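Single chain ahead, by itself, as structure tokens, in the form deposited in one PDB entry.
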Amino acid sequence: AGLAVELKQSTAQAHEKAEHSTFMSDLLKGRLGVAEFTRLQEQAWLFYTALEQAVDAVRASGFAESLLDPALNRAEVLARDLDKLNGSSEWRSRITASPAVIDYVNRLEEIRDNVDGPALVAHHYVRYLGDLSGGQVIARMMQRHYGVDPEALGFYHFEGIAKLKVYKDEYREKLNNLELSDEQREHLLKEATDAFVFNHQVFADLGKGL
């Protein structure tokens, strides 16, 4: 099978475990509220910011340039979401990374400084293709359960993408057409597993004290 299929197969168990996260299932089923949704997006702003510096570096190196579409950038869209959710830009100087996000960001800075192309693509697949594939569902649940205004949900919609099912097919075809050595390929597949572990840990830190 091509890269896109084995990525899906090798992370399918982690995706199902993520859906059963105590924090995330509580958020999605309506048992939390807007404040907790805002906490999650603050942590996301931190690791999307680090992710996009690593993407900038790997793109500048020439690796997987076509896959690393800048239209996918989420950090400034999240910042505008958060100015609306919090009522001011005051959160920017205030939020601190949870331990999970500290480690996640550390790894993304390691990938940026090593210009580790294969590892970055793994993180790119896990965040952005997950966003593209399920973001509309999550945003709808925040509307339905908590009345979150759509203009605070821009993170879940990609403005510069017209046909969504077509874009996702092309993304997977670019994954399939990536040229990789056997070792690079094992490095990428392992990193995809790690990227799900990191995201699961972020959920665990957010669930603390609840």
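Sequential numbering from 1, following the sequence displayed. In this text, rigid core is short for the largest set of C-alphas that superpose within 1.5 Å between two forms.
Beyond the structure shown, there is the form deposited in another entry, which is absent from this document and is the topic of what follows.
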At a 2 Å cut-off on C-alpha positions, does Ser25 qualify as shifted between this form and the one not shown after fitting the rigid core?
no
If I superpose the two forms on their rigid core, does the C-alpha of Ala14 end up displaced by 2 Å or more between this form and the one not shown?
yes
Is the CA-CA spacing of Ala18 and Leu72 tighter or wider in the other entry than here, given a 3 Å or more change?
farther
Just to spell it out: taking the C-alpha atom of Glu19 and the C-alpha atom of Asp131, is that distance smaller or larger in the other entry than in the structure shown here, given it changes by 3 Å or more?
farther
